[PDB]
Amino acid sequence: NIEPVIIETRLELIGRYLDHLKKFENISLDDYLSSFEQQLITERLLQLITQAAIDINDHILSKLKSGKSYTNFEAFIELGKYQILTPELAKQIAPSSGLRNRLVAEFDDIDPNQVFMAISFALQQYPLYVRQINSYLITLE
């Protein structure tokens, strides 16, 4: 019931967002805090990356557990139970749901120091997410 072409479109977008986010991998904390423009770019990129993954996770779970509802945090954990993601990656990447909500929270007021840490987190974990979802699609034939 899963549509691979829909998931592949979102994985393709995650790769494009990560290529743009990689341009900020060597920026020091001081230069990052002094540039409001670079903060806005990385915040928007991190928001689009996490939302694309949430879109993929919901599409997979809607066909493996039809009618069942999952929070964005529990969706990552559920993929780890079924080995679609490794349990190690699922636990490490699950806090990206909290990063998503902080980036779209009505209260806003996000801490740029915490966003700085999320840049290094996303550049390390989300490439692994793309690999493991890609392997799941290949297994689905």
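The numbering used is simple: start at 1 and walk along the sequence shown.
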Open item on the list: Please compare 114-122 with 14-22 and name the stretch with the higher mean C-alpha B-factor in the deposited structure.
Closed with: 114-122
Task: Mean C-alpha temperature factor, higher of 23-31 and 50-58 - done: 23-31
- [ ] Quick one: which of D109, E43, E78, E88 shows the highest Cα temperature factor in the PDB entry?
- [x] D109
Task: Where the record places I84 (Cα B-factor, split into thirds across the chain) - done: lowest
TODO: Using the B-factors in the PDB entry, rank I2's C-alpha atom against the chain and give the third, lowest, middle or highest.
DONE: highest
